>>> print(open('entry-v8.json').read())   # JSON, C-alpha atoms
[["chain", "number", "residue", "atom", "x", "y", "z"],
["C", 1, "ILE", "CA", 1.13, 30.50, -29.98],
["C", 2, "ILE", "CA", 0.35, 27.77, -27.41],
["C", 3, "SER", "CA", 1.47, 30.11, -24.61],
["C", 4, "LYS", "CA", -0.64, 32.92, -26.08],
["C", 5, "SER", "CA", -3.70, 30.63, -26.17],
["C", 6, "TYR", "CA", -3.17, 29.36, -22.57],
["C", 7, "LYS", "CA", -3.29, 33.01, -21.44],
["C", 8, "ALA", "CA", -6.29, 33.46, -23.75],
["C", 9, "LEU", "CA", -8.18, 30.64, -21.93],
["C", 10, "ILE", "CA", -7.26, 32.20, -18.57],
["C", 11, "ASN", "CA", -8.61, 35.63, -19.57],
["C", 12, "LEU", "CA", -11.54, 33.86, -21.36],
["C", 13, "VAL", "CA", -13.06, 32.46, -18.17],
["C", 14, "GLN", "CA", -12.39, 35.77, -16.26],
["C", 15, "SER", "CA", -6.04, 41.42, -8.60],
["C", 16, "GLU", "CA", -6.19, 41.84, -4.78],
["C", 17, "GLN", "CA", -4.46, 38.84, -3.15],
["C", 18, "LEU", "CA", -7.28, 36.72, -1.72],
["C", 19, "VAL", "CA", -4.68, 34.35, -0.21],
["C", 20, "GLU", "CA", -1.30, 34.93, 1.40],
["C", 21, "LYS", "CA", 0.44, 31.61, 0.97],
["C", 22, "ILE", "CA", 0.32, 27.82, 1.11],
["C", 23, "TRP", "CA", 1.89, 25.26, 3.42],
["C", 24, "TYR", "CA", 1.65, 21.55, 3.87],
["C", 25, "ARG", "CA", 2.55, 19.03, 6.52],
["C", 26, "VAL", "CA", 2.39, 15.28, 7.00],
["C", 27, "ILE", "CA", 1.23, 14.01, 10.37],
["C", 28, "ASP", "CA", 1.19, 10.23, 10.19],
["C", 29, "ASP", "CA", -0.72, 8.97, 7.12],
["C", 30, "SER", "CA", -2.45, 12.26, 6.36],
["C", 31, "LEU", "CA", -1.50, 15.17, 4.29],
["C", 32, "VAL", "CA", -2.59, 18.48, 5.68],
["C", 33, "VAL", "CA", -2.48, 21.37, 3.29],
["C", 34, "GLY", "CA", -3.48, 24.81, 4.46],
["C", 35, "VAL", "CA", -3.71, 28.31, 3.09],
["C", 36, "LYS", "CA", -3.83, 31.54, 5.02],
["C", 37, "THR", "CA", -6.38, 34.08, 3.92],
["C", 38, "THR", "CA", -6.51, 37.88, 3.85],
["C", 39, "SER", "CA", -8.98, 40.61, 4.89],
["C", 40, "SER", "CA", -10.71, 40.47, 1.44],
["C", 41, "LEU", "CA", -12.11, 36.92, 1.85],
["C", 42, "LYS", "CA", -15.07, 36.97, 4.25],
["C", 43, "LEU", "CA", -15.99, 33.51, 5.48],
["C", 44, "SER", "CA", -19.23, 34.92, 6.96],
["C", 45, "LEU", "CA", -20.41, 35.60, 3.37],
["C", 46, "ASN", "CA", -18.54, 32.94, 1.40],
["C", 47, "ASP", "CA", -18.54, 29.18, 1.77],
["C", 48, "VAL", "CA", -15.00, 28.16, 0.79],
["C", 49, "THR", "CA", -13.51, 24.78, 0.10],
["C", 50, "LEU", "CA", -10.12, 23.51, -0.73],
["C", 51, "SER", "CA", -9.78, 20.67, -3.28],
["C", 52, "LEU", "CA", -6.63, 18.86, -4.27],
["C", 53, "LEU", "CA", -6.15, 17.66, -7.84],
["C", 54, "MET", "CA", -3.71, 14.97, -8.90],
["C", 55, "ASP", "CA", -1.55, 15.46, -11.98],
["C", 56, "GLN", "CA", -2.84, 12.71, -14.37],
["C", 57, "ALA", "CA", 0.83, 12.32, -15.51],
["C", 58, "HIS", "CA", 1.28, 10.52, -12.14],
["C", 59, "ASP", "CA", -2.40, 9.37, -11.80],
["C", 60, "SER", "CA", -2.81, 6.76, -14.57],
["C", 61, "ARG", "CA", -6.02, 5.52, -12.78],
["C", 62, "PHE", "CA", -9.46, 6.57, -11.50],
["C", 63, "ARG", "CA", -8.62, 7.04, -7.85],
["C", 64, "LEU", "CA", -11.13, 9.56, -6.59],
["C", 65, "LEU", "CA", -9.11, 11.71, -4.15],
["C", 66, "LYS", "CA", -11.08, 12.91, -1.12],
["C", 67, "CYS", "CA", -10.42, 15.81, 1.25],
["C", 68, "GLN", "CA", -12.02, 16.98, 4.49],
["C", 69, "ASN", "CA", -11.94, 20.65, 5.15],
["C", 70, "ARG", "CA", -11.61, 22.71, 8.31],
["C", 71, "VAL", "CA", -11.51, 26.38, 9.00],
["C", 72, "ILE", "CA", -9.35, 27.62, 11.83],
["C", 73, "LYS", "CA", -9.82, 31.01, 13.56],
["C", 74, "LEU", "CA", -7.20, 31.90, 16.18],
["C", 75, "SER", "CA", -6.96, 35.28, 17.93],
["C", 76, "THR", "CA", -3.48, 36.82, 18.12],
["C", 77, "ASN", "CA", -2.48, 38.19, 21.58],
["C", 78, "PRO", "CA", -5.98, 39.14, 22.81],
["C", 79, "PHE", "CA", -4.48, 39.31, 26.38],
["C", 80, "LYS", "CA", -7.83, 46.09, 15.81],
["C", 81, "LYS", "CA", -6.61, 42.84, 17.49],
["C", 82, "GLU", "CA", -5.54, 40.50, 14.68],
["C", 83, "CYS", "CA", -7.59, 37.33, 14.10],
["C", 84, "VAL", "CA", -6.15, 34.59, 11.87],
["C", 85, "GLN", "CA", -8.58, 32.54, 9.72],
["C", 86, "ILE", "CA", -7.00, 29.67, 7.88],
["C", 87, "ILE", "CA", -8.36, 26.93, 5.63],
["C", 88, "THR", "CA", -7.07, 23.48, 5.56],
["C", 89, "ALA", "CA", -7.62, 20.15, 3.87],
["C", 90, "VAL", "CA", -6.76, 16.66, 5.04],
["C", 91, "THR", "CA", -6.41, 13.56, 2.96],
["C", 92, "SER", "CA", -4.64, 10.24, 3.03],
["C", 93, "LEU", "CA", -1.12, 9.90, 1.81],
["C", 94, "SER", "CA", -0.56, 6.25, 1.05],
["C", 95, "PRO", "CA", -2.81, 6.33, -2.05],
["C", 96, "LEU", "CA", -0.56, 8.92, -3.49],
["C", 97, "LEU", "CA", 2.94, 7.62, -2.94],
["C", 98, "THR", "CA", 2.65, 4.79, -5.47],
["C", 99, "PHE", "CA", 5.11, 6.58, -7.82],
["C", 100, "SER", "CA", 7.32, 7.78, -4.97],
["C", 101, "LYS", "CA", 6.07, 11.26, -5.78],
["C", 102, "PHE", "CA", 3.16, 13.45, -6.66],
["C", 103, "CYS", "CA", 2.38, 17.02, -7.47],
["C", 104, "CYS", "CA", -1.14, 18.05, -6.56],
["C", 105, "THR", "CA", -2.62, 21.37, -7.43],
["C", 106, "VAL", "CA", -4.53, 23.24, -4.79],
["C", 107, "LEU", "CA", -7.80, 24.75, -5.75],
["C", 108, "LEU", "CA", -9.74, 27.17, -3.61],
["C", 109, "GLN", "CA", -13.37, 27.44, -4.57],
["C", 110, "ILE", "CA", -15.65, 30.11, -3.28],
["C", 111, "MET", "CA", -19.41, 30.11, -3.51],
["C", 112, "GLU", "CA", -21.58, 32.89, -2.19],
["C", 113, "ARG", "CA", -24.77, 32.06, -0.29],
["C", 114, "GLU", "CA", -26.66, 35.42, -0.11],
["C", 115, "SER", "CA", -27.22, 35.80, -3.88],
["C", 116, "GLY", "CA", -29.63, 33.01, -4.95],
["C", 117, "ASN", "CA", -28.77, 33.48, -8.67],
["C", 118, "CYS", "CA", -25.69, 31.22, -8.07],
["C", 119, "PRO", "CA", -23.89, 34.17, -9.72],
["C", 120, "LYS", "CA", -20.38, 34.54, -8.29],
["C", 121, "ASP", "CA", -18.56, 31.21, -7.95],
["C", 122, "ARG", "CA", -14.90, 32.22, -8.00],
["C", 123, "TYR", "CA", -11.89, 29.93, -7.89],
["C", 124, "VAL", "CA", -8.21, 30.43, -7.18],
["C", 125, "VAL", "CA", -5.33, 28.10, -7.90],
["C", 126, "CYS", "CA", -3.25, 28.83, -4.87],
["C", 127, "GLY", "CA", -0.33, 26.61, -5.48],
["C", 128, "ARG", "CA", 1.01, 23.27, -6.18],
["C", 129, "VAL", "CA", 2.36, 20.88, -3.63],
["C", 130, "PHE", "CA", 5.18, 18.46, -4.36],
["C", 131, "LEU", "CA", 6.02, 15.59, -2.08],
["C", 132, "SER", "CA", 8.46, 12.74, -2.34],
["C", 133, "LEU", "CA", 9.86, 10.03, -0.17],
["C", 134, "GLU", "CA", 13.28, 11.68, -0.57],
["C", 135, "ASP", "CA", 11.74, 14.77, 1.11],
["C", 136, "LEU", "CA", 10.07, 12.95, 3.98],
["C", 137, "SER", "CA", 13.26, 10.91, 4.66],
["C", 138, "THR", "CA", 14.98, 14.20, 5.61],
["C", 139, "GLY", "CA", 12.04, 15.21, 7.76],
["C", 140, "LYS", "CA", 11.36, 18.78, 6.64],
["C", 141, "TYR", "CA", 7.57, 18.33, 6.46],
["C", 142, "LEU", "CA", 6.77, 15.59, 8.98],
["C", 143, "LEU", "CA", 5.40, 16.06, 12.44],
["C", 144, "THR", "CA", 6.90, 13.45, 14.82],
["C", 145, "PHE", "CA", 6.39, 13.74, 18.57],
["C", 146, "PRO", "CA", 8.47, 14.29, 21.29],
["C", 147, "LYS", "CA", 11.46, 15.85, 19.98],
["C", 148, "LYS", "CA", 9.48, 18.51, 18.06],
["C", 149, "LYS", "CA", 7.81, 19.80, 21.22],
["C", 150, "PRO", "CA", 8.78, 23.50, 21.09],
["C", 151, "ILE", "CA", 6.53, 24.83, 18.35],
["C", 152, "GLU", "CA", 8.17, 27.84, 16.65],
["C", 153, "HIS", "CA", 6.74, 27.34, 13.15],
["C", 154, "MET", "CA", 3.04, 27.97, 13.50],
["C", 155, "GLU", "CA", 2.21, 25.78, 10.50],
["C", 156, "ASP", "CA", 2.90, 22.83, 12.84],
["C", 157, "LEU", "CA", 0.17, 24.06, 15.11],
["C", 158, "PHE", "CA", -2.29, 24.51, 12.26],
["C", 159, "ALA", "CA", -1.56, 21.04, 11.01],
["C", 160, "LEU", "CA", -2.41, 19.59, 14.48],
["C", 161, "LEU", "CA", -5.52, 21.62, 14.64],
["C", 162, "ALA", "CA", -6.62, 20.34, 11.18],
["C", 163, "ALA", "CA", -5.79, 16.67, 11.36],
["C", 164, "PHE", "CA", -6.98, 15.98, 14.88],
["C", 165, "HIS", "CA", -10.34, 15.00, 16.20],
["C", 166, "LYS", "CA", -12.06, 18.04, 17.54],
["C", 167, "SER", "CA", -14.72, 17.98, 20.26],
["C", 168, "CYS", "CA", -16.28, 21.00, 22.02],
["C", 169, "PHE", "CA", -17.83, 20.75, 25.50],
["C", 170, "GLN", "CA", -19.66, 23.28, 27.51],
["C", 171, "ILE", "CA", -19.14, 23.23, 31.27],
["C", 172, "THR", "CA", -21.63, 24.68, 33.78],
["C", 173, "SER", "CA", -21.24, 24.63, 37.55],
["C", 174, "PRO", "CA", -24.65, 25.83, 38.83],
["C", 175, "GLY", "CA", -23.72, 25.92, 42.55],
["C", 176, "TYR", "CA", -19.95, 26.46, 42.79],
["C", 177, "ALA", "CA", -17.54, 28.64, 40.77],
["C", 178, "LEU", "CA", -15.14, 27.58, 37.98],
["C", 179, "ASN", "CA", -11.44, 28.20, 38.59],
["C", 180, "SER", "CA", -10.31, 24.55, 38.48],
["C", 181, "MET", "CA", -9.89, 24.70, 34.71],
["C", 182, "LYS", "CA", -6.69, 26.68, 34.39],
["C", 183, "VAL", "CA", -5.29, 24.50, 37.18],
["C", 184, "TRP", "CA", -6.41, 21.20, 35.59],
["C", 185, "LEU", "CA", -4.78, 22.49, 32.39],
["C", 186, "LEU", "CA", -1.50, 23.84, 33.78],
["C", 187, "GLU", "CA", -0.73, 21.45, 36.69],
["C", 188, "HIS", "CA", -2.51, 18.08, 36.14],
["C", 189, "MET", "CA", -1.97, 18.21, 32.34],
["C", 190, "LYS", "CA", 1.26, 20.28, 32.43],
["C", 191, "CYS", "CA", 0.35, 22.46, 29.45],
["C", 192, "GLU", "CA", 2.49, 25.05, 27.69],
["X", 1, "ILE", "CA", 16.63, -8.54, 18.18],
["X", 2, "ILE", "CA", 14.00, -10.09, 20.49],
["X", 3, "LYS", "CA", 15.84, -12.90, 22.38],
["X", 4, "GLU", "CA", 12.75, -15.12, 22.79],
["X", 5, "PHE", "CA", 12.22, -14.93, 18.96],
["X", 6, "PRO", "CA", 15.51, -14.23, 17.16],
["X", 7, "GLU", "CA", 13.68, -14.10, 13.77],
["X", 8, "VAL", "CA", 12.12, -10.73, 14.79],
["X", 9, "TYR", "CA", 13.78, -7.30, 14.67],
["X", 10, "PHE", "CA", 12.43, -4.15, 16.34],
["X", 11, "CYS", "CA", 13.67, -0.89, 14.82],
["X", 12, "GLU", "CA", 14.99, 1.79, 17.27],
["X", 13, "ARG", "CA", 15.85, 4.61, 14.79],
["X", 14, "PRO", "CA", 14.18, 7.57, 16.56],
["X", 15, "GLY", "CA", 11.99, 9.24, 13.87],
["X", 16, "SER", "CA", 9.36, 7.63, 11.56],
["X", 17, "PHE", "CA", 10.70, 4.04, 11.86],
["X", 18, "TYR", "CA", 10.51, 3.57, 15.63],
["X", 19, "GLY", "CA", 8.15, 0.71, 16.55],
["X", 20, "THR", "CA", 8.48, -1.10, 13.27],
["X", 21, "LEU", "CA", 9.05, -4.83, 13.19],
["X", 22, "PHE", "CA", 10.69, -6.94, 10.54],
["X", 23, "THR", "CA", 11.30, -10.59, 10.10],
["X", 24, "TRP", "CA", 13.87, -12.09, 7.78],
["X", 25, "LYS", "CA", 14.00, -15.79, 6.78],
["X", 26, "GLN", "CA", 17.16, -16.32, 4.66],
["X", 27, "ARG", "CA", 16.32, -19.66, 3.01],
["X", 28, "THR", "CA", 18.87, -20.60, 0.32],
["X", 29, "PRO", "CA", 20.93, -17.47, 0.98],
["X", 30, "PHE", "CA", 20.33, -16.04, -2.52],
["X", 31, "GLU", "CA", 16.53, -16.23, -2.13],
["X", 32, "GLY", "CA", 15.37, -14.62, 1.15],
["X", 33, "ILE", "CA", 11.98, -13.36, 2.39],
["X", 34, "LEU", "CA", 11.10, -10.28, 4.45],
["X", 35, "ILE", "CA", 7.91, -9.29, 6.27],
["X", 36, "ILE", "CA", 7.18, -5.75, 7.40],
["X", 37, "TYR", "CA", 4.81, -4.90, 10.21],
["X", 38, "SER", "CA", 4.22, -1.22, 10.34],
["X", 39, "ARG", "CA", 1.81, 1.27, 11.79],
["X", 40, "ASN", "CA", 0.67, 2.61, 8.43],
["X", 41, "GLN", "CA", 1.76, 2.17, 4.84],
["X", 42, "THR", "CA", 3.73, 5.38, 4.72],
["X", 43, "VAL", "CA", 6.26, 3.62, 6.84],
["X", 44, "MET", "CA", 6.22, 0.61, 4.52],
["X", 45, "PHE", "CA", 7.04, 2.90, 1.58],
["X", 46, "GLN", "CA", 9.57, 4.87, 3.56],
["X", 47, "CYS", "CA", 11.18, 1.53, 4.44],
["X", 48, "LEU", "CA", 11.23, -0.02, 0.97],
["X", 49, "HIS", "CA", 12.70, 3.22, -0.42],
["X", 50, "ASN", "CA", 15.50, 3.09, 2.13],
["X", 51, "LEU", "CA", 16.08, -0.59, 1.33],
["X", 52, "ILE", "CA", 16.10, -0.21, -2.49],
["X", 53, "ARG", "CA", 18.67, 2.57, -2.06],
["X", 54, "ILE", "CA", 20.94, 0.08, -0.21],
["X", 55, "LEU", "CA", 20.49, -3.10, -2.24],
["X", 56, "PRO", "CA", 22.48, -4.33, -5.27],
["X", 57, "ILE", "CA", 21.46, -3.52, -8.85],
["X", 58, "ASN", "CA", 20.22, -7.09, -9.54],
["X", 59, "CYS", "CA", 18.37, -7.66, -6.22],
["X", 60, "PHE", "CA", 14.79, -8.19, -7.45],
["X", 61, "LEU", "CA", 12.11, -7.45, -4.81],
["X", 62, "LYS", "CA", 8.65, -8.86, -5.29],
["X", 63, "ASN", "CA", 5.47, -8.52, -3.28],
["X", 64, "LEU", "CA", 3.52, -11.58, -2.06],
["X", 65, "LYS", "CA", -0.23, -11.49, -1.54],
["X", 66, "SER", "CA", -0.83, -15.21, -0.93],
["X", 67, "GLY", "CA", 2.39, -17.11, -0.19],
["X", 68, "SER", "CA", 5.91, -17.82, -1.46],
["X", 69, "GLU", "CA", 6.56, -19.12, -5.01],
["X", 70, "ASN", "CA", 8.51, -22.27, -3.99],
["X", 71, "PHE", "CA", 5.75, -23.30, -1.58],
["X", 72, "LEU", "CA", 2.95, -22.74, -4.15],
["X", 73, "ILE", "CA", 4.83, -24.78, -6.78],
["X", 74, "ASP", "CA", 5.42, -27.60, -4.26],
["X", 75, "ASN", "CA", 1.69, -27.50, -3.38],
["X", 76, "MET", "CA", 0.61, -27.59, -7.07],
["X", 77, "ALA", "CA", 3.06, -30.46, -7.73],
["X", 78, "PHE", "CA", 1.75, -32.54, -4.79],
["X", 79, "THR", "CA", -1.91, -31.92, -5.77],
["X", 80, "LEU", "CA", -1.38, -32.89, -9.44],
["X", 81, "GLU", "CA", 0.62, -35.97, -8.38],
["X", 82, "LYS", "CA", -2.30, -37.11, -6.20],
["X", 83, "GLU", "CA", -4.82, -36.46, -9.01],
["X", 84, "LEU", "CA", -2.79, -38.35, -11.64],
["X", 85, "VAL", "CA", -2.19, -41.19, -9.13],
["X", 86, "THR", "CA", -5.97, -41.35, -8.59],
["X", 87, "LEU", "CA", -6.64, -41.48, -12.36],
["X", 88, "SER", "CA", -3.98, -44.20, -12.83]]
>>> encode(input="entry-v8.json", output="structure tokens")
Amino acid sequence: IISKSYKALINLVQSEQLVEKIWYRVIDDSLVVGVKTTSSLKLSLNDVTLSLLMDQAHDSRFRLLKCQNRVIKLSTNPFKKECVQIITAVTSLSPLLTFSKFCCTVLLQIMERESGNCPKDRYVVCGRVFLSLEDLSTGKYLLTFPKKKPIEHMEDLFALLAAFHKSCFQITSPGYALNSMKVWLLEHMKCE
Amino acid sequence: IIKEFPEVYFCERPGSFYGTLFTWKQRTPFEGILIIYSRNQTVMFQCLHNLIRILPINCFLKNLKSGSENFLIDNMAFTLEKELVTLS
């Protein structure tokens, strides 16, 4: 009966997968959790966020848990053509490893902006992230520099693009041309 | 070990403990005291986990905010002795 009534709640509030899948990394003292969208979820039309919720079984106390959110668009072999939007959340770890362990739940909220009725505020529980010190001690989710240079799991890249400080500059040469940039990047900075 | 200061230990294990310093005063070789300088607290938890896994079953850790128990008792004793001397 309790199972029946859980499902009853779920259908009480309420098919096409709005979200592929979930992944999480740890960088230094940040948790980066990210989820990779699908064609159906249009970030032009929908403000999305990504909250994390602590299991109160672990969280005996009123720690507000905070999360900063980025969106990440990367184009896939532009040199139709596949884009990749993903959605990511960054928080501190050390508040959460008091009990050696924690199991957050990952909640994707969606609020439309066009319709001023505040009508369609969907939500999606996309997963559930476990961490433990026994996991980190075997690596397996950490990002630790140089030995893990050759990036062949792209989640590592999206974690670095979510955690890190982002700044965007525009460059204008009004009286020369601009071909120093690929050289500055490949030779002086020795970029892959 | 740093030669100049042989009470300081610099960890060389090459992932997630590199650039971590300890110190270890073994006063009264039952009752020692350990200080962990780390670059965040994830490493302090990752280090205490690895230590608790190694230690005996009876080895009782304890955190110190504001000094060691023996020293605080000695301090309280001296202060009370002076006060009672002054009242005598």
>>> atom_distance(input="entry-v8.json", atom1="atom CA of residue 27 of chain C", atom2="atom CA of residue 140 of chain C")
11.8 Å
>>> residues_around(input="entry-v8.json", residues="segment 13-20 of chain X", least_positions_apart="6", cutoff="8 Å", atoms="only C-alpha atoms", output="list in words")
residues 144 of chain C; 36, 37, 38, 39, 43 and 47 of chain X
>>> residues_around(input="entry-v8.json", residues="residue 63 of chain C", least_positions_apart="2", cutoff="10 Å", atoms="all atoms listed in the file", output="number ranges by chain")
C: 54, 59-61, 65-66, 95-96
>>> residues_near_point(input="entry-v8.json", point="(-2.6, 31.6, 2.1)", cutoff="6 Å", atoms="all atoms listed in the file", output="list in words")
residues 19, 20, 21, 22, 35, 36 and 37 of chain C
>>> closest_atom_pairs(input="entry-v8.json", of="chain X", to="chain C", cutoff="9 Å", atoms="only C-alpha atoms", output="CSV")
residue,atom,partner,partner_atom,distance
X:15,CA,C:144,CA,6.7
X:16,CA,C:144,CA,7.1
X:40,CA,C:29,CA,6.6
X:41,CA,C:94,CA,6.0
X:42,CA,C:94,CA,5.7
X:43,CA,C:29,CA,8.8
X:45,CA,C:97,CA,7.7
X:46,CA,C:133,CA,6.4
X:49,CA,C:133,CA,7.4
X:50,CA,C:137,CA,8.5
>>> atom_distance(input="entry-v8.json", atom1="atom CA of residue 111 of chain C", atom2="atom CA of residue 48 of chain C")
6.5 Å
>>> decode(input="entry-v8.json", residues="segment 111-129 of chain C", atoms="N, CA, C and O atoms", output="short mmCIF file (atom, residue, chain, number, x, y, z; two decimals), in the first residue's frame")
data_model
loop_
_atom_site.label_atom_id
_atom_site.label_comp_id
_atom_site.auth_asym_id
_atom_site.auth_seq_id
_atom_site.Cartn_x
_atom_site.Cartn_y
_atom_site.Cartn_z
N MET C 111 11.79 26.58 -15.81
CA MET C 111 10.74 27.57 -15.73
C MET C 111 10.74 28.32 -17.03
O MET C 111 11.79 28.80 -17.47
N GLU C 112 9.58 28.38 -17.65
CA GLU C 112 9.43 29.11 -18.90
C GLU C 112 9.31 30.60 -18.61
O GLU C 112 8.90 31.00 -17.50
N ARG C 113 9.65 31.39 -19.61
CA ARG C 113 9.79 32.85 -19.48
C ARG C 113 8.77 33.56 -20.37
O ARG C 113 8.29 34.63 -19.98
N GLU C 114 8.41 32.97 -21.51
CA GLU C 114 7.49 33.57 -22.49
C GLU C 114 6.11 33.74 -21.84
O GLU C 114 5.60 34.87 -21.81
N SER C 115 5.55 32.64 -21.34
CA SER C 115 4.20 32.63 -20.74
C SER C 115 4.28 33.31 -19.37
O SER C 115 4.99 32.79 -18.48
N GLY C 116 3.60 34.45 -19.22
CA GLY C 116 3.61 35.25 -17.99
C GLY C 116 2.57 34.81 -16.97
O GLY C 116 2.41 35.50 -15.95
N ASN C 117 1.87 33.69 -17.23
CA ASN C 117 0.97 33.05 -16.25
C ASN C 117 1.75 32.27 -15.18
O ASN C 117 1.11 31.77 -14.24
N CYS C 118 3.08 32.16 -15.29
CA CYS C 118 3.90 31.21 -14.52
C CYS C 118 3.32 29.81 -14.64
O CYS C 118 3.24 29.08 -13.64
N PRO C 119 2.87 29.38 -15.83
CA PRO C 119 2.09 28.14 -15.92
C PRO C 119 2.91 26.86 -15.77
O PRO C 119 2.58 26.01 -14.93
N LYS C 120 3.97 26.72 -16.55
CA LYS C 120 4.60 25.42 -16.80
C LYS C 120 5.98 25.38 -16.16
O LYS C 120 6.98 25.64 -16.84
N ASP C 121 6.02 25.04 -14.88
CA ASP C 121 7.26 24.93 -14.11
C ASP C 121 7.44 23.44 -13.84
O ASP C 121 7.01 22.92 -12.83
N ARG C 122 8.08 22.78 -14.78
CA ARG C 122 8.43 21.36 -14.69
C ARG C 122 9.62 21.16 -13.77
O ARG C 122 10.25 22.10 -13.33
N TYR C 123 9.89 19.90 -13.51
CA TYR C 123 10.97 19.43 -12.66
C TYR C 123 11.28 18.05 -13.10
O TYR C 123 10.46 17.40 -13.68
N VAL C 124 12.48 17.60 -12.84
CA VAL C 124 12.95 16.26 -13.23
C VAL C 124 13.98 15.84 -12.21
O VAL C 124 14.86 16.57 -11.90
N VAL C 125 13.84 14.67 -11.67
CA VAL C 125 14.82 14.16 -10.71
C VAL C 125 15.71 13.30 -11.54
O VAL C 125 15.29 12.20 -11.96
N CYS C 126 16.90 13.78 -11.83
CA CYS C 126 17.72 13.15 -12.87
C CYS C 126 18.67 12.14 -12.32
O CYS C 126 19.27 11.39 -13.15
N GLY C 127 18.64 11.94 -11.02
CA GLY C 127 19.64 11.03 -10.50
C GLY C 127 19.92 11.32 -9.11
O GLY C 127 19.10 11.85 -8.45
N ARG C 128 21.04 10.84 -8.68
CA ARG C 128 21.29 10.61 -7.26
C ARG C 128 22.76 10.33 -7.21
O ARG C 128 23.16 9.35 -7.81
N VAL C 129 23.52 11.16 -6.55
CA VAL C 129 24.96 11.03 -6.62
C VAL C 129 25.46 10.57 -5.29
O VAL C 129 25.15 11.22 -4.40
#
